[PDB]
Amino acid sequence: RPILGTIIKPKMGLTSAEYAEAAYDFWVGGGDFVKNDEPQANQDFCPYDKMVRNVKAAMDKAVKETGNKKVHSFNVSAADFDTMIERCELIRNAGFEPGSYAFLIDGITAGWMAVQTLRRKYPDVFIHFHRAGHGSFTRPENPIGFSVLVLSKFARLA
Amino acid sequence: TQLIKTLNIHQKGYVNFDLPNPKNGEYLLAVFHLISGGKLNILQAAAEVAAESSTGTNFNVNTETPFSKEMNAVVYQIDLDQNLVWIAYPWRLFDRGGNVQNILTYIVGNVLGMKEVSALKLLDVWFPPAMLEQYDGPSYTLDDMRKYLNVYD
Amino acid sequence: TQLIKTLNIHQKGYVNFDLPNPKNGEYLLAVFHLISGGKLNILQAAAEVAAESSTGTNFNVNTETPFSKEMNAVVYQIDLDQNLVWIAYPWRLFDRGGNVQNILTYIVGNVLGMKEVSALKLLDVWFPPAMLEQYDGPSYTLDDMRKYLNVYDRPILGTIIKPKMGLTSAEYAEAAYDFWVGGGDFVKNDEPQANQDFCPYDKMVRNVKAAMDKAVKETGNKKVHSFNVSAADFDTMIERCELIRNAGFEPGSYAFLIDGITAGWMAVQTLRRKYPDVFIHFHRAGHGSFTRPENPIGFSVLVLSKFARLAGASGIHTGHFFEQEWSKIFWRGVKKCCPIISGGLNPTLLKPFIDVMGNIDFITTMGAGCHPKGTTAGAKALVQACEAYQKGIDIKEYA
Amino acid sequence: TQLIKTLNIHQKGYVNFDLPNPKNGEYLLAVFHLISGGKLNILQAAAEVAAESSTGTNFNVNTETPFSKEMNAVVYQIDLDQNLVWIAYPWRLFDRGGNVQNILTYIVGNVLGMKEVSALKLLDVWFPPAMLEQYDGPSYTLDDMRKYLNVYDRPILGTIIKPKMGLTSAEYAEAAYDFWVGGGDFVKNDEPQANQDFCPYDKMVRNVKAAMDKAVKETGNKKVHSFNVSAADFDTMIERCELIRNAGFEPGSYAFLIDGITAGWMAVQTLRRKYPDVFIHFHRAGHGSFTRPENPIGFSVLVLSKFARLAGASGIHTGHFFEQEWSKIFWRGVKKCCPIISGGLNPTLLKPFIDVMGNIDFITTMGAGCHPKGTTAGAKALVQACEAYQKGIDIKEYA
Ligand SMILES: [Mg+2]
Ligand SMILES: [Mg+2]
Ligand SMILES: [Mg+2]
């Protein structure tokens, strides 16, 4: 079967505990995959470290109530590469079991360099390429750009 | 007025033409050239763009909180003749530590891929000083290069 | 309405009775008992309090910005008959990193010294979940100490050692052993008990360790001692903490006592963050100035307990206006802060007190309750009363 | 006499009107305003206060020792008409290592919460030289700041920035520069001004450094900024301190502000001992509960200032019963704690205030005094008034 995933609604404005509770609600219902919103980061009302800890607790609880393992996709897109590495290491040292966490990256806005840095620094982690911003290149209304197929091929290459 | 009546409640949560002061310092101001992508009016598509670019609550969800409503981007000005939409983004939405790509992800991210708009061009943004505090800005300038080169005029 | 017309424009900037949702999550809510200090009405003094406790713009200044107006604390509800003022504090005002003393500096700081109020008592506060996200809360709870002690179905039985001070390390440890072997689970240092010359701190720690070990051997039950770690500076507090750890007690057998008022909230937060696995015993010696009903200026015991829980205290001594839920939702919430009862609780009064509280989740450090049959006999009587209450048998029948 | 006959033996152990020499050097002397809380006379309540603040032996306990009796605090003088009680505390009771919070825990701790007193105000204390030995006192003084500023013969000119909060780091730094360039020497962070999200602490420090450098260049005179280093815990406070040091300001240009009441006395002592070369600015936000005259329970402003001096504060905000000399003799003595004046001191009122104080050794942070000709113009007028006072010329003549 396809891997069943969800986004948390509202996208933003939820606290770490509220977001973790929604993730647990989806997970305990049988869903396998929960992703951070593509701009979900160290916001002041949902701090990144608190969000990671609360998501870890919610995933643990969902795993116990289900027996099935669960996967959360953390947005590691940051201002700079140091903050991205810090957030990646914080996810690692939470500490989730390997395979339970995926690194989400905004490949367009954060850039292909961040995608390649994630790929080479964390080959054992699922590199979740979020393409927020691709519309300028890929939208059919835009005569200038490149196709979604080109973007997918270069994401695979990266 | 009538365009407001065309909105549903979730869309109404992202439109406030009576915003007291868009330049109060809490909002990144953004003006878009917006044309809706069929069957939607300009205000409905504007509300969809504001939702997708701030908090994405365009449907009834039991996880909605009043604080998440406080984080909503707001359409506060529209220009029907020029197809212009002004949206106020509470810059508390943006990642701390001066993350610019996060702002770009918010305001020119998934909104560009929405079928709700046939055209969506971010024409200008206005940064309040309180938001500008969070970001570095340039530290080396053309004046520094001029001083190194001893080139002026 | 008329009181609004009385205000000047700068005062008007701190009053908004049409605040759409005070519980929208952007505001810490605070209710004050306010009586103005002459020539001002209640709303004028309320606006002055809101200004002094948020941004202090009560005069025309060319440096005022619209964002600073956004950070204004707002009087949104008043009660003329009861002299009550509700003020909404945008919790963006407060220092980041879970700083509790910063909130106290804002809302019960310079406002207490203002001549504009003859009375100013912070009765209650309300924390939105978004703000509660910023603060640690307790990490070690009474449930953790119950798990260590293997004690349930009865309140944790504690004691103070009499005399409070002037005993040697061996004498104090002997009294602690007497209470422990009598069946008591909890012994606390006196709130000023520290490295005194006649009762050196290291000797007291070692002697308490030996007494606890022998009491555990004689009883089989684990025992808990609460050490006062309040010191001159942070280094001495951390040194005394590490000395307790490296004595070395078994984890769970020692609690860190801190004089949260005199030693300060910073020490409480430092203990919470450096030792999350240790019970943080919040002693409130000195709170009387803030909390005593005879003092019109201060804050209530409820406010102090709420802020102690926010700072991360595992338990606070105990001896309204907001429907406060300590989540964190509109990881799920904030852990409990255990009530600690002090003063003259003999087994005769144990059952009515448990009836009064309505639960068993509290520590009860007896004072003058039983301090000629021996302290061990009194502790045994207390344990027997607790077991009688658990069994549902009456005290007289159980006697 | 008759009140002595009213006492029981345990209460008698805390009363000695025949104390030979209260100033013999063994006792901290404390005078309280005491009113008993019903059914007790002044002497029984005084004995209860002395017991609860020294050794807590008001009942028959088999653990009582003669040495703990030697450690009893003693009521040695009473004033029936004025409801005054003098208590001598053997200062061996106090934690070693210069622990000030321990003394406060003893004498203004649990006694404030006692039901035995309806009013209990610590009016004054007296420190013997032998006790004064144990405590640091200030190490950086207003004279050190005068030497750095090359300012003498006039009070140090200070300001608070209005609005208190809600300004950006650049806006706050610009206001500080506006005051500094106008001749003002001293600018202080607001007492809750910290790492707020809209005014980050590091950015505020850097912008203040730039503004101070610009003001020094434009004036030639050195300038001082007081940074609020009150934080959540030890590590954040010392991190902010080190950030100020490594900005890097020239030594003497920065003072550390600490909210001594809310942040606590251990924070003040830690700042004193970790940064003896830095002016320790003691902000007393929250003191109103202890010190307000409307509050019958607490301690006076004089007691707070004396204990701030003992803890090592360079200066404390300001706005009897003992002949207290701050030596250290019956290195010679304890360094001075500078008074810090706050609130509306325009040049018109400057001369009478200097007459009232009797000396020019104080910082005066103006509030609503001058905050449309400009902050720089107001600071220049204040400096001109100071120079007129130094020259002896009248203000009207100098204008
Ligand atoms: Mg999304
Ligand atoms: Mg006690
Ligand atoms: Mg202030």
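Lettering of chains follows the sequences in order, A, B, ..., and the numbering in each one begins at 1. Side chains are part of it too, since the values below use all heavy atoms of this structure and drop only hydrogens, waters and symmetry mates.
- Proximity of a side-chain donor or acceptor of B/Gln134 to a complementary backbone N or O of D/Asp197 within less than 3.5 Å is detected.
- Residue B/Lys23 places its NZ atom among more than 12 non-hydrogen atoms of other residues, nucleotides or ligands, all under 6.0 Å distant.
- Around atom CZ of B/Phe59, no more than 12 heavy atoms belonging to other residues, nucleotides or ligands sit under 6.0 Å away.
- B/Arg92 does not touch chain D: none of its heavy atoms, backbone or side chain, sits under 4.5 Å away.
- Around the NZ atom of B/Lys12, the shell of radius 6.0 Å holds more than 12 heavy atoms that belong to other residues, nucleotides or ligands.
- Closest approach of B/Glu133 and D/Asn207 over heavy atoms only: OE2-OD1, 4.5 Å.
- Ranked by heavy-atom pairs under 4.5 Å with chain B, the first of D/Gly166, D/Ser169, D/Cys199, D/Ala170 is D/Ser169.
- Applying the 6.0 Å contact sphere to OH of B/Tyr140 captures more than 12 heavy atoms from other residues, nucleotides or ligands.
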